[PDB]
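>>> Model the following, please.
(5 chains, ligands or ions: 2)
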Amino acid sequence: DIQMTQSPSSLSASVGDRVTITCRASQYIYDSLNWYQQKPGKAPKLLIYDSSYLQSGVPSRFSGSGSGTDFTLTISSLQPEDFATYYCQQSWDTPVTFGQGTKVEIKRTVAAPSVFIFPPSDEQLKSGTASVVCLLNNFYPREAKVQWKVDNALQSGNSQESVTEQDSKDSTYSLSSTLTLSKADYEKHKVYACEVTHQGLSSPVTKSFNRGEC
Amino acid sequence: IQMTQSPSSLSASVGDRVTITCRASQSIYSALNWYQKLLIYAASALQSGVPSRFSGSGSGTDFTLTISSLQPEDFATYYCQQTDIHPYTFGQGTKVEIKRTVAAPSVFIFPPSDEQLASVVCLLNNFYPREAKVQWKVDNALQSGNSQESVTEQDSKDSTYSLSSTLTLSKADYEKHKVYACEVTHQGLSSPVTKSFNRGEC
Amino acid sequence: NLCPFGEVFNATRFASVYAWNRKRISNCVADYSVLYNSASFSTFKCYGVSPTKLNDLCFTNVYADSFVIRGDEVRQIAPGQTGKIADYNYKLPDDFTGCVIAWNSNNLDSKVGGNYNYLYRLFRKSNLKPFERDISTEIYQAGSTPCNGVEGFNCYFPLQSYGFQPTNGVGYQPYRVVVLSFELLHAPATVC
Amino acid sequence: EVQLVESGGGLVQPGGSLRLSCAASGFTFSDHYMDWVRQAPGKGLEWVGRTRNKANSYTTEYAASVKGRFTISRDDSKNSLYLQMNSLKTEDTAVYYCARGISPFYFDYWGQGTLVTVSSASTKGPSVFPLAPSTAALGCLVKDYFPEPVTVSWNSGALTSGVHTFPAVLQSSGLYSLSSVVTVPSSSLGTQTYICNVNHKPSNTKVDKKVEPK
Amino acid sequence: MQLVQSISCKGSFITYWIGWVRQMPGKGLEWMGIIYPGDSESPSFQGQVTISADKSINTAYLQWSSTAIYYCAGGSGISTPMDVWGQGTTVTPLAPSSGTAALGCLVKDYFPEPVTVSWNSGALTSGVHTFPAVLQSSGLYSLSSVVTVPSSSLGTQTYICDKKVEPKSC
Ligand SMILES: *[C@@H]1O[C@H](CO[C@@H]2O[C@@H](C)[C@@H](O)[C@@H](O)[C@@H]2O)[C@@H](O[C@@H]2O[C@H](CO)[C@@H](O)[C@H](O)[C@H]2NC(C)=O)[C@H](O)[C@H]1NC(C)=O
Ligand SMILES: [Cl-]
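Numbers count the residues shown, from 1 in each chain, chains lettered A, B, ... in the order given. Ligands and ions are numbered 1, 2, ... in the order given. Please find the structure below.
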């Protein structure tokens, strides 16, 4: 089987910049190499087939060069609607192998995250667990630290965080930290707080509530 | 033999597949040329130096024309002909124009100079599509014959059109009314737009 | 014996597409490593089978079809194409089983003055059947007036020549093509 | 239009068989080559196998990962492609797209895909708690559901502005959780009515939950 | 090979036929007639014009005794029709409203059309739209040329298309 290595795996690009992703192959696959773009949770779309041919409907800022073992996709003036994984694909021989993909992220100006904390619903409590949600909404870059503090101590191992995909309006992220614990354990402490660290924030922001008190 | 060629109107962006059909007054087998410069001859044969994007398919009294991905320079109007028998009468004509989003027109009304006194000119700048009607209303009174509009070739830059009404009146007729309105009917505006001035004002 | 693919690929002289050459490779052992282990080639597309497995497969007859065409014509040498070359010169069957190998021939088949020794059939009154050849130089009539083999208005000589000056863009440049075709006939396989 | 729709995906136990169908409209199914391509969650594109077109019999190639256990099949009458998977593994968990080419060397169109989930774990519908607002963020907690996926809308499809549905996280337990949050203008909270619509098809759970300030 | 036109057509393998293509204002291709120079031999132009030739100079002619461009076409080959032609023979004060205004020059009652103009001695071309001439009820024509400019420039700079165009500014 023919191995295909894309370069780079991950790549950050300002709007209108000229980005280049390279596919390299374990052997000569001549001009038998296609490129697809995959936007998250959607089927791939064929951009380019047979090295150099752009598909009908594809925007002409997409271009294929290359031969033998080295191919490269080109977005000239990378515009909005371009955050995707970009996949090279050889058809020369079976088996029909792909490249590992390259995740392209857009560059942007720093944007500080707006921070909201949410005590558990009374409803959930009567089920017998408490989940405390912490939301860091619309910030850049992705990198961010969320520390839980319960009765003024660092809490570890009862919290899951999740990141949204980059949003094609404004190229910003949202993040969630959810501290989930037994109702019993939830009632043993008074002060729940969410402490947030970021490039955008001059100093770490903390949002909190005292259990019981609106 | 007398040629057809359809349509006269086509709107399309760069790269689009294009299809045009030219009919035949009497069977000329495949002795049909396609011009833009000679492009395609004998129904499907390609004149040297013409890009392979262009392709045509036809025989007897029926033919077509195809362009794979419209390049900017290909925007124009193309005419067929018969090489069967003399005289070699060409076709009617067919023209292709770039598709851009609906653009409402900027309407401007220039009043007449002491020099001319009477010619009162109306302007619709930088619009798509080509279709736009320019009614002249002198004191609520619709004018017919005395008016003369003239449009641009699709703008080199932003591929929009621009239109130049020119209402012509006897000085005394001009002096008879105060109103000089220009009601513009176009896709780019929800309902008609009036631009107006009053003689002996500012 | 060792199997005469050299002759076909390293031939000084290449046939014109309308007059395309065909060679029957038989009672030989075929290396094939010699092909996909090359960088010369622009295109090496196999339809039946797999380029890497061909040396571990055995066949009743194999044929090598050699010709020269324009760069932007190579995509016509495939199952399911329409166009001058696929229509009036070389047609592959829908069920084609074999490899289309081509490569840029600017060095050899392009003359500084211009080489017009390479011709293609511009006109035909029906498409070729797969693997059919046609050398007719009969004047093609698309006019109402039938030519009496006398070329003139709507009386075109059917063969036309390629402009191959070496500074033509790669689309218009010359490429040599070799189509290998593998037949599994009822008889004993004589070439693996 | 050109339409490929995949089906049969869902929860299946290790060692059990499932079979997916690809239903094809808007083209000469016989003419085109049709392949299956899979993608385990947050991983790359993996070719499963091919059926050639009617002109080439309908002859088949498999990737080695699925050889001997998967079978590709065609019904031209019903215009549908089939993948029959037998001695299933945890690693067969993935989205299964079918791809067609009018050429055997690239894929023009792809389906939206069918999700196959291969675990010992067991189906359970979520529970839905409100994240009341104290711009004003509010949201819904979708807690403890298996398997993927769940969908969330706002005010029965209406509300899509400033909404974030976070990727689900897998607890130690083997259940999934996520929240969906909406950034709303402060003033609109008094007049505008806020309801999240949560659908979990695998358990056949549908919940509409109203979110109001405490 | 090429054909150079003047009312005659000459050019220089040398073409074996010469026909005639006329172009009325806003019209498609119209074929005049034929005269093969060697042999020196339309039913709608027949006895509207006379079609002559001179082989010696490789010249073909279109003559009258009683408005358009005249194009002569020949062939570089006996096979290929309508291949190369000639170049052709042609025989025939608004003031801004008181951040973008517009102003121009009305050119009226002129014949024979055509009217060619420029702005501020060719120095200003950014906004300019020069319309085609029209033939009016009168049988003469009226043509207007315009330009959008920054409202800022109005009441500061002057404009000369030669007509001095400025705000009337009562
Ligand atoms: C067809 O020719 C290639 C190229 O051949 C070489 O260069 C020629 C100018 C001539 O000098 C030949 O003798 C050379 O062989 C052959 O591929 C080469 O094979 C040789 C072994 O003889 C090997 O040294 C080279 O590395 C190979 N490739 C090169 C030089 O690019 C091929 O064997 C010939 N026959 C075919 C196509 O099977
Ligand atoms: Cl940016």
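
>>> wait, residue C:128 sits on residue C:134?
Yes: counting by CB atoms under 8 Å, residue C:128 does reach residue C:134; the two are 6.5 Å apart. C-beta here means a position set from N, CA and C on the backbone, and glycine is covered the same way.

>>> Any idea which residue of chain A lies closest to chain B?
In chain A, the residue that lies nearest chain B is residue A:60 (6.5 Å; CB to the nearest CB).

>>> same check, this time on chain C
For chain C, CB to the nearest CB, closest residue to chain B: residue C:142, 3.5 Å.

>>> hang on, that residue packs against residue B:33?
No: between residue C:142 and residue B:33 there is no contact under CB under 8 Å: 11.1 Å.

>>> Can you pull the residues that touch both of the two?
Common contacts of residue C:142 and residue B:33, defined by CB atoms under 8 Å, 6 or more residues apart in numbering or on different chains, are absent altogether.

>>> What is the burial count for the closest residue to residue C:147 other than its chain neighbours?
In this structure, residue C:147 finds its nearest non-sequential neighbour in residue C:155, 3.6 Å apart by CB to CB, 6 or more residues apart in numbering or on different chains. As a burial measure, residue C:155 scores 20 neighbours (other CB atoms under 10 Å in any protein chain shown).

>>> ok, back up a step: spit out the contact partners of the residue of chain A closest to chain B.
A:54, B:14-15.

>>> Need the three-state assignment for it.
coil (DSSP: H, G, I helix; E, B strand; the rest coil).

>>> Look up phi and psi at it.
The phi/psi pair for residue A:60 (degrees, to the nearest 10) reads phi -80, psi 0.

>>> same deal with residue C:50?
According to degrees, to the nearest 10, residue C:50 has phi -130, psi 130.

>>> Then the one 5 residues further on?
Backbone geometry at residue C:55, expressed as degrees, to the nearest 10, gives phi -70, psi -20.

>>> closest point of chain A to ligand 2, which residue?
Per CB to the ion, residue A:14 is where chain A lies closest to ligand 2, at 3.8 Å.

>>> ok but residue C:185 is inside a helix, no?
No: Residue C:185: not assigned to a helix; according to three-state DSSP it is coil.

>>> quick one, what contacts it?
C:60-61 are the contacts of residue C:185 under CB under 8 Å, 6+ apart.

>>> quick one: it from ligand 2, how far?
Counting by CB to the ion, to the nearest Å, the separation of residue C:185 from ligand 2 is 64 Å.

>>> how close does that residue get to residue C:134?
25 Å (CB to CB, to the nearest Å).

>>> where does chain A come near chain B, residue by residue?
A:56, A:60 (CB under 8 Å from any CB of the partner chain).

>>> which residues in chain A form helices?
Using DSSP state H, the helices found in chain A span residues A:122-127, A:183-186.

>>> My read is that residue C:4 contacts residue C:26, right?
No: applying CB under 8 Å, one finds residue C:4 not in contact with residue C:26, separated by 10.0 Å.

>>> follow-up on the earlier one: out of the contacts of residue A:60, who's nearest residue E:57?
For those, the closest approach to residue E:57 (CB to CB) belongs to residue B:14, at 46.2 Å.

>>> so what's residue A:68 closest to, chain neighbours aside?
Taking CB to CB, 6+ apart, and ignoring the residues beside it in sequence, residue A:68 has residue A:28 as its nearest neighbour in space, at 5.1 Å.

>>> so who does the one you found touch?
With contact set as CB under 8 Å, 6+ apart, residue A:28 has these partners: A:68-69, C:36-39, C:41, C:44.

>>> just to revisit the earlier point, any idea how far ligand 2 is from the residue of chain C closest to chain B?
58 Å.

>>> Also residue D:79?
46 Å.

>>> Repeat that for residue D:144.
For residue D:144 relative to ligand 2 (CB to the ion), the value is 40 Å.

>>> what's the helix or strand for that residue?
Per DSSP states H and E: residue D:144 is located in strand D:136-145.

>>> Quick one: name whatever helix or strand follows that strand.
strand D:151-154.

>>> Show me what that next one is packed against.
strand D:176-184, strand D:195-200 (3 or more CB pairs under 8 Å, 6 or more residues apart in numbering or on different chains; DSSP states H and E).

>>> Check whether the residue in chain D that chain C sits nearest to sits in a helix, strand or coil.
Chain D approaches chain C most closely through residue D:55 (3.9 Å), counting by CB to the nearest CB. Per three-state DSSP, the secondary structure class of residue D:55 is helix.

>>> In space, what's closest to it - neighbours in sequence excluded?
residue C:94 (3.9 Å).

>>> Next, the contact list for residue 167, please.
The chain I'm using is chain A. By CB under 8 Å, 6+ apart, the neighbours of residue A:167 are A:138, A:173-174.

>>> Switch to chain D, please.
A:162-164, D:178.

>>> mind redoing it with 10 Å?
Going by CB atoms under 10 Å, 6 or more residues apart in numbering or on different chains, residue D:167 touches A:40-41, A:162-165, A:176, D:41-42, D:148, D:176, D:178.

>>> Among the residues you listed, name the buried ones.
Buried subset of the contacts of residue D:167 (neighbour count, 16 or more other CB atoms under 10 Å in any protein chain shown): A:162, A:164, A:176, D:148, D:176, D:178.

>>> List, out of the residues you listed, those positioned next to ligand 2.
For ligand 2, no contacts are drawn from the buried ones among the contacts of residue D:167 by CB under 5 Å from the ion.

>>> which one of the residues you listed is nearest chain E?
For the buried ones among the contacts of residue D:167, the nearest to chain E is residue A:164 (40.7 Å; CB to the nearest CB).

>>> So the closest one is in contact with residue A:83, correct?
No: with contacts counted by CB atoms under 10 Å, residue A:164 stays clear of residue A:83, the gap being 11.8 Å.

>>> how close does the residue sitting nearest the centre point of chain C sit to residue C:127?
For chain C, the residue nearest the mean C-alpha position is residue C:67 (4.1 Å; CA atoms, centre = their mean). Plainly put, residue C:67 is 17 Å away from residue C:127 if you go by CB to CB.

>>> Would you map out the domains in chain D?
D:3-118, D:127-210 (curated CATH domains).

>>> Okay, buried residues for stretch C:76-93 please.
C:76-79, C:83-92.

>>> Quick check: end-to-end length of stretch D:62-79?
Taking CA to CA, to the nearest Å as the measure, stretch D:62-79 stretches 21 Å from start to finish.
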